[PDB]
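Note sheet for the following structure.
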Ligand SMILES: *[C@H](C)[C@H]1/C(=C/c2[nH]c(/C=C3N=C(/C=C4\NC(=O)C(CC)=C4C)C(C)=C\3CCC(=O)O)c(CCC(=O)O)c2C)NC(=O)[C@@H]1C
Ligand SMILES: *[C@H](C)[C@H]1/C(=C/c2[nH]c(/C=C3N=C(/C=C4\NC(=O)C(CC)=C4C)C(C)=C\3CCC(=O)O)c(CCC(=O)O)c2C)NC(=O)[C@@H]1C
Ligand SMILES: *[C@H](C)[C@H]1/C(=C/c2[nH]c(/C=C3N=C(/C=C4\NC(=O)C(CC)=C4C)C(C)=C\3CCC(=O)O)c(CCC(=O)O)c2C)NC(=O)[C@@H]1C
Ligand SMILES: *[C@H](C)[C@H]1/C(=C/c2[nH]c(/C=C3N=C(/C=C4\NC(=O)C(CC)=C4C)C(C)=C\3CCC(=O)O)c(CCC(=O)O)c2C)NC(=O)[C@@H]1C
Ligand SMILES: *[C@H](C)[C@H]1/C(=C/c2[nH]c(/C=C3N=C(/C=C4\NC(=O)C(CC)=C4C)C(C)=C\3CCC(=O)O)c(CCC(=O)O)c2C)NC(=O)[C@@H]1C
Ligand SMILES: *[C@H](C)[C@H]1/C(=C/c2[nH]c(/C=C3N=C(/C=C4\NC(=O)C(CC)=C4C)C(C)=C\3CCC(=O)O)c(CCC(=O)O)c2C)NC(=O)[C@@H]1C
Ligand SMILES: *[C@H](C)[C@H]1/C(=C/c2[nH]c(/C=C3N=C(/C=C4\NC(=O)C(CC)=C4C)C(C)=C\3CCC(=O)O)c(CCC(=O)O)c2C)NC(=O)[C@@H]1C
Ligand SMILES: *[C@H](C)[C@H]1/C(=C/c2[nH]c(/C=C3N=C(/C=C4\NC(=O)C(CC)=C4C)C(C)=C\3CCC(=O)O)c(CCC(=O)O)c2C)NC(=O)[C@@H]1C
Ligand SMILES: *[C@H](C)[C@H]1/C(=C/c2[nH]c(/C=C3N=C(/C=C4\NC(=O)C(CC)=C4C)C(C)=C\3CCC(=O)O)c(CCC(=O)O)c2C)NC(=O)[C@@H]1C
Ligand SMILES: *[C@H](C)[C@H]1/C(=C/c2[nH]c(/C=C3N=C(/C=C4\NC(=O)C(CC)=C4C)C(C)=C\3CCC(=O)O)c(CCC(=O)O)c2C)NC(=O)[C@@H]1C
């Protein structure tokens with residue numbers, strides 16, 4: 003969260019929070035209701051976001067669903085859709101927190117290594133999350149879509 | 003090479019070459035005939051090793067040559085076989101050198117970075133080189149195959 | 744370049760206690776300044792730069808009290824445990840008023856780092872001898888694996904009240920007897936001596 | 001390290017469920033209280049040294065401890084004592100800003116009583132001193148922010174005790 | 001590093017006079033373009049790897065430089084080239100967000116030309132490659148933001174040349 | 001750290017005796033089995049990642065541990084788990100090459116149970132995982148070498174218990 | 001670290017009084033004895049190697065301790084043992100010069116017990132060795148100085174035991 | 001560091017071609033001479049102290065350089084001079100074993116001129132001394148080996174000059 | 001407390017398997033050796049007093065330990084020392100009869116270190132004494148039984174040290 | 002404000018069999034904060050400070066320092 007990041011930096015430099023950091027958390031506090039509303043609509047539409055974004059991802063990357071691909077067969081495809089659902093959940097967490105700290109702490113620290121042990125391609129995971137971003141942005145209002163899409167953008171950038 | 007690696011270690015500890023190290027240098031030089039013979043076999047059969055092993059790789063991993071894959077199209081598949089050709093060349097160099105430092109110096113330092121930038125699957129490259137090793141077993145006698163196999167083993171192990 | 748990659752990785756192993764592939768999103772270190780360049784040619788600077796970094800902060804400053812930060816810092820950079828309460832106090836001043844960057848900078852700049860490890864050596868597990876409590880403390884620090892405990896092996900060095908009171912010791916006792924007895928006795932070089940009580 | 005928001009989302013993350021309405025309610029409550037938290041932190045940042053000075057005078061001065069042989076006597080020991088009070092006040096404002104006492108347990112109260120026992124510092128007198136700090140800081144930040162500062166100051170006292 | 005606001009304030013500070021009316025106008029202009037800067041940064045952060053990949057393919061691949069003896076041949080040298088391009092793109096976005104080229108000067112260009120010359124890096128090839136990056140990133144962010162982006166990419170080109 | 005030869009000569013040194021005929025026996029036996037050890041080490045060095053991959057799939061995946069709230076859940080903890088398996092396999096190959104389990108006790112199993120208990124890692128689940136590794140690595144190296162790998166994988170299991 | 005003078009003034013400082021006439025008498029006594037201390041230090045500093053040699057020969061040699069598997076066997080351990088004996092003699096003469104045993108407790112005997120237990124060093128054998136050192140050094144410095162070196166050597170013995 | 005094999009394969013790598021029969025011939029030639037290189041290395045390893053001693057006596061000693069004010076005067080300076088000669092001979096034997104001058108060029112010669120000029124060490128005298136070393140080592144190893162060594166000694170001389 | 005049989009069945013119980021054929025082979029081996037154990041116990045039980053007497057005479061007597069101020076001086080302490088030696092011999096033969104050292108670790112060596120450190124007993128002197136006991140008891144029971162009594166005596170020595 | 006420096010470190014304390022050229026003559030980028038502390042340490046060590054440059058930063062800047 004923004005509050006914990008400000009406290010962490012202040013603790014590292016052994017000084018009380020500067021008025022700039024205090025103003026930063028104050029403005030974040032003010033926009034908290036909008037953040038919660040964005041997370042609420044995302045979780046309300048979580049099922050269709052995952053479903054149709056996954057279909058777009060398969061079209062974008064046919065090799066994934068081709069024989070020999072990581075998500076070959078209905079069982080493997082089901083688990084990949086589960087991963088997409090997990091990342092949507094992390095994105096809602098991050099929007100509520102106001103920082104990418106929860107997303108990083110839960111599903112971006114060692115993401116490369118976990119996927120290489122699994123055998124799964126990280127860039128293809130990024131493409132799937134891009135599809136989720138498109139669906140979520142369509143569901144959201146223009147102002148709301150900019161914020162939530164930015165969180166999706168961080169996730170895909172880390173995947174790359 | 004064995005000579006240069008021994009010299010490097012002796013250089014670090016500030017010692018003239020130990021009598022045992024001198025024996026190893028002498029032995030490697032003398033068996034250089036066998037080393038050159040093995041390398042000569044591999045360069046004589048560069049065409050079939052790459053061609054047969056690459057076809058085995060494509061069959062084992064259809065997703066790489068599938069549409070929306072890294075190797076789709078004859079142009080891309082030609083470049084893929086070119087990469088396998090490069091690695092076989094490095095292996096012959098390593099056999100001649102008697103050490104894997106030429107192979108590492110040329111083509112295993114940063115393969116993950118390069119191949120991820122290209123989009124190529126690093127485990128798939130490893131499986132292709134495994135195919136080259138299996139093809140090599142028939143071409144080389146059992147005693148000879150063990161010697162070349164170790165260099166192939168280092169390449170695949172670094173790749174994964 | 745082969746050795747340079749080994750030494751870069753070794754600096755990770757000593758400073759962060761493990762290879763950092765788990766626990767980092769992306770590799771957040773540009774080793775190019777150290778490699779074939781003079782920007783961080785000083786490993787005395789590459790180690791310090793890693794120490795300043797967020798990863799060290801998250802791993803060893805964020806989760807532990809400053810006392811444990813000091814013990815871990817001397818393990819990670821100087822290869823030993825805090826020598827005595829003097830270093831505990833100095834580094835606590837620095838951690839109190841200037842933070843992690845200054846504390847790591849102080850450890851690496853210290854004449855101890857330079858004398859033992861030097862400009863061009865990744866710091867290594869040192870087996871100290873001369874400082875008296877330092878060796879047992881150092882073994883206790885190094886035997887622990889990472890994140891084993893929340894306890895501070897070297898909490899602080901306790902002062903001790905000596906059991907044997909001096910001015911009972913043989914030399915002072917002789918002298919105290921002499922000064923007392925000679926004072927009560929007659930005094931040389933004085934006119935009046937029978938008057939004094 | 002955790003805060004109110006991080007604790008709520010982590011609690012839901014363990015389940016793996018998306019944020020439900022009760023979790024949203026807890027987050028809303030923290031957002032509602034956040035503005036006064038920010039104001040209180042800005043206030044005691046301004047008066048940090050003065051708060052320490054007032055508390056030290058209130059309980060730690062003109063007493064045997066600062067008189068010879070009392071452990075606050077000696078100029079070094081006086082500097083160390085006021086440094087610890089600075090530490091406690093700064094971590095108290097961290098905990099108040101976060102809305103969680105995890106910082107106090109993680110960075111203050113772990114291995115603190117043992118070090119104080121080894122040093123010879125009186126844990127009781129430190130607890131009294133930070134209680135005085137609690138009074139002064141509550142007056143400066145106001146009553147409700149004073150309640161919030163108080164719970165974390167009491168947390169520190171309990172850890173020392 | 002100096003922001004546009006930081007540079008303007010610094011000039012006023014050197015004079016010792018308060019912010020001039022022209023200084024206020026400069027600050028207003030930077031604030032006017034700031035939101036566009038934020039949007040462009042978000043866009044190329046998401047597509048950073050793709051931008052580098054496209055530029056490398058456009059000019060650096062299937063050429064003599066990547067063929068043996070051309071300085075991009077060998078796995079380590081190819082990895083160094085691609086990470087240099089991502090360095091250039093990342094510092095370019097820092098400069099675009101800042102509204103000033105100070106970051107490029109202090110953290111990028113210094114010693115870069117001399118070290119490239121010592122290594123044997125083809126500076127002309129790198130300049131053409133980052134020009135290709137400029138084209139790709141301009142398409143992604145938009146013409147207006149791309150035109161602003163180009164001045165900093167060209168600044169990198171001039172320092173390299 | 002020790003090996004078979006070092007252990008034999010160290011025991012003889014402790015008893016202040018030149019190498020016995022029984023000590024010479026142990027040395028000969030190690031030399032007879034040594035080439036087999038070297039070949040096995042080469043095999044699992046090449047397939048180290050694959051062995052970990054299979055074992056993780058065969059006992060640690062699609063289970064309550066990797067589902068939320070089961071410790075292996077979270078990408079951090081998954082990376083830590085697979086890294087620990089690579090640690091165990093690498094130290095097992097060290098022990099097999101040496102012909103002595105002293106490496107395992109001195110560098111792996113000292114404090115490992117204590118750390119795992121503090122972390123919350125399931126010692127039972129790690130033991131199951133490395134037994135799965137034992138099966139996979141036995142298949143790759145062969146029966147004779149697989150026996161040798163087993164007497165060190167089981168050693169690690171017993172230490173974890 | 002403390003001296004006889006430093007201890008006297010520190011005691012008076014704890015009470016908060018300027019140096020009393022009784023404190024002055026203690027200080028005067030130490031000054032009277034200082035020359036004798038300096039002489040004794042000059043003697044054993046010259047004969048430090050001889051003192052260690054004689055003590056080692058009298059108690060530590062031609063026994064199982066310095067034959068295979070005895071903790075003094077191996078040249079590394081023999082060097083370490085004689086180095087520890089010179090450590091003890093050097094700090095003992097520091098304490099004799101100071102007229103205070105605070106040196107020994109602060110430096111020599113802080114965890115020395117624990118180190119020797121860890122290392123496997125026989126505490127009893129070290130105590131015997133420094134007892135032999137005490138006999139030799141007492142003979143060298145004379146009776147009155149020897150009973161001063163004796164108390165510090167026995168203090169070290171008690172700390173070890 | 002580079003050697004004959006490394007140079008041959010490096011040239012082939014720049015060519016982008018597999019090992020040609022001409023390249024194999026070059027490797028065969030290096031193998032043919034490797035036998036003599038090994039025994040020459042053994043000889044001067046054993047006699048390295050004698051070689052340095054003889055060269056120092058031949059040119060460096062009984063001169064104003066080792067007389068006061070000559071920069075070789077002072078025991079520290081003399082030790083440094085013979086240390087440098089040991090360095091040169093050891094690196095020469097490394098280059099002779101390798102069959103390549105890369106080790107000299109990179110590990111030794113670069114920066115040596117700057118350090119020697121800054122310190123005031125006479126490069127002319129060093130060149131003369133290593134020339135004397137070359138003569139002595141040629142006598143000890145033999146004529147054919149002396150040809161092999163002398164080129165590397167001259168390479169070092171040129172670098173110093 | 002455990003036996004060889006109890007240890008075998010407890011290991012099988014931990015795995016949750018009925019006694020395997022390998023477990024049966026261990027049990028059968030212990031049964032085969034039981035008669036030899038019973039014989040050895042019958043021997044040393046009869047000679048327990050003699051074993052203690054000889055060991056005390058060989059190592060503990062006519063030394064400073066049993067002369068004024070030596071920890075064995077005073078009849079109370081002499082009785083305690085010989086009582087501890089009979090304790091060690093009695094538990095050693097219990098462990099020999101059982102075929103398991105769990106008796107020694109559970110009973111003999113639980114805090115025995117700490118008690119002796121508190122009491123001031125010299126650990127090294129006790130270890131020497133029980134070493135002498137080991138020599139005497141090995142001679143009485145014979146070579147094969149002696150090497161069984163020997164391991165348990167050495168286990169006690171290691172616990173003390 | 003990284004300072005590019007060129008310096009020597011001759012050492013009379015010991016004679017070193019292992020490589021010493023690397024430490025002896027070097028050029029390093031020292032930040033503005035570190036430079037005073039490092040300058041004092043190297044000056045105390047007695048090495049000659051051959052060259053100094055302001056590699057990063059500007060010769061004088063009131064605010065906006067790196
Ligand atoms: C003196 C010439 C100037 C001055 C001083 C002043 N000091 C105080 C209060 C305290 N001073 C001390 C000092 C020490 N404590 C130590 O342990 C030592 C070393 C042995 C020293 C020197 C302490 C502890 C206090 C606190 C009160 C106490 O002792 O309990 C005051 C009172 C401050 C107040 O307003 O409360 C003053 C005024 N004032 C001057 O004008 C002089 C220039
Ligand atoms: C003041 C209210 C009381 C007091 C304090 C006193 N404390 C010390 C020494 C230390 N205190 C700490 C505690 C902390 N370190 C931290 O980093 C933090 C925040 C994370 C805390 C709370 C530590 C580590 C020390 C020792 C190291 C040091 O000197 O800083 C002393 C000094 C004791 C000594 O003589 O060495 C004193 C005097 N003294 C009082 O009388 C008050 C009741
Ligand atoms: C084949 C087994 C797999 C595969 C690979 C693939 N690679 C590329 C492109 C390149 N590969 C290299 C490789 C090297 N450069 C080196 O210096 C060395 C060491 C000597 C190696 C191995 C390079 C440089 C390129 C870039 C193109 C170029 O050479 O200029 C491609 C083409 C990607 C594209 O779209 O352009 C492919 C497909 N693909 C597979 O499916 C296999 C699993
Ligand atoms: C890619 C466009 C071209 C290319 C590049 C190449 N560069 C290097 C080595 C270095 N690159 C840098 C660059 C930076 N370092 C930084 O900290 C930053 C941040 C602003 C940048 C941009 C540096 C300093 C070096 C030297 C240090 C080092 O060796 O790493 C290499 C490696 C050369 C080698 O032989 O190993 C290469 C290949 N090469 C090309 O062919 C492209 C045209
Ligand atoms: C998805 C778009 C792509 C893909 C993925 C894929 N993943 C798996 C298996 C697993 N994925 C995870 C992921 C996570 N665990 C976490 O804790 C988190 C953060 C909260 C994440 C993201 C895990 C643990 C597994 C292992 C199975 C399990 O959960 O037990 C598979 C199955 C792999 C297999 O063969 O077993 C696949 C296929 N596949 C694709 O094609 C997409 C590009
Ligand atoms: C995988 C089979 C299981 C599992 C593992 C898991 N482990 C950790 C953390 C640590 N593991 C170690 C162990 C070692 N350190 C070493 O150096 C070596 C070789 C000498 C070993 C074996 C250590 C020290 C840690 C802690 C420090 C660290 O993070 O590396 C975790 C992380 C726990 C956490 O949340 O912090 C996990 C998850 N988890 C499973 O579910 C498997 C049963
Ligand atoms: C013989 C060639 C020369 C010589 C030697 C000499 N040595 C001693 C006494 C001791 N020697 C040792 C040696 C070792 N201890 C070790 O642990 C090891 C490594 C395995 C070695 C080599 C030791 C410990 C002693 C001390 C006595 C003892 O062992 O208990 C003596 C006796 C000295 C005396 O007067 O007491 C001698 C004479 N003497 C010569 O003339 C030869 C040139
Ligand atoms: C002397 C009692 C023993 C001895 C010595 C001996 N020395 C040499 C030659 C040289 N000695 C030096 C010494 C120094 N150079 C210094 O700068 C300093 C410090 C100021 C010292 C002490 C040097 C430089 C030489 C070399 C010749 C020269 O000065 O140019 C010799 C001659 C060796 C030869 O064969 O050439 C000898 C014999 N010899 C003994 O028998 C004594 C035990
Ligand atoms: C002897 C032939 C001449 C001579 C030499 C002399 N050299 C130094 C000091 C240094 N020499 C070096 C050179 C090297 N360092 C290396 O690591 C290697 C191997 C790669 C070489 C060749 C260096 C770095 C130094 C300085 C650091 C150091 O002390 O090692 C001195 C000392 C100068 C001083 O006073 O500080 C001397 C005297 N002197 C002569 O008269 C001969 C002509
Ligand atoms: C004499 C009147 C009778 C006698 C005695 C005898 N005693 C011993 C040996 C020892 N005696 C002691 C006695 C004590 N230890 C104490 O702490 C105290 C209290 C202060 C006493 C009385 C001890 C410890 C021993 C052991 C040897 C030693 O001291 O080191 C012997 C020697 C036995 C032997 O063969 O070794 C004898 C002969 N003998 C007689 O004939 C008298 C009737």
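Residue numbers (the authors' numbering), protein chains in the order written: chain bQ, 3 to 72, 75 to 150, 161 to 174; chain bU, 3 to 72, 75 to 150, 161 to 174; chain aM, 744 to 940; chain bR, 1 to 71, 75 to 150, 161 to 174; chain bT, 1 to 71, 75 to 150, 161 to 174; chain bP, 1 to 71, 75 to 150, 161 to 174; chain bN, 1 to 71, 75 to 150, 161 to 174; chain bV, 1 to 71, 75 to 150, 161 to 174; chain eN, 1 to 71, 75 to 150, 161 to 174; chain bY, 2 to 67. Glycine included, each C-beta is placed from N, C-alpha and C at the ideal position.
With 16 other Cβ atoms within 10 Å as the buried cut-off, status of residue i
i	result
residue 170 of chain bU	buried
residue 61 of chain bY	exposed
residue 788 of chain aM	buried
residue 123 of chain bR	exposed
Continuous beta strand (DSSP E) stretch holding residue i: start and end
i	result
residue 18 of chain bT	That residue, residue 18 of chain bT, is in no beta strand (DSSP E); it is neither H nor E in DSSP.
Cutoff 6 Å; reference residue i; Cβ partners in own chain excluding five residues on either side
i	result
residue 5 of chain bY	30, 54, 56
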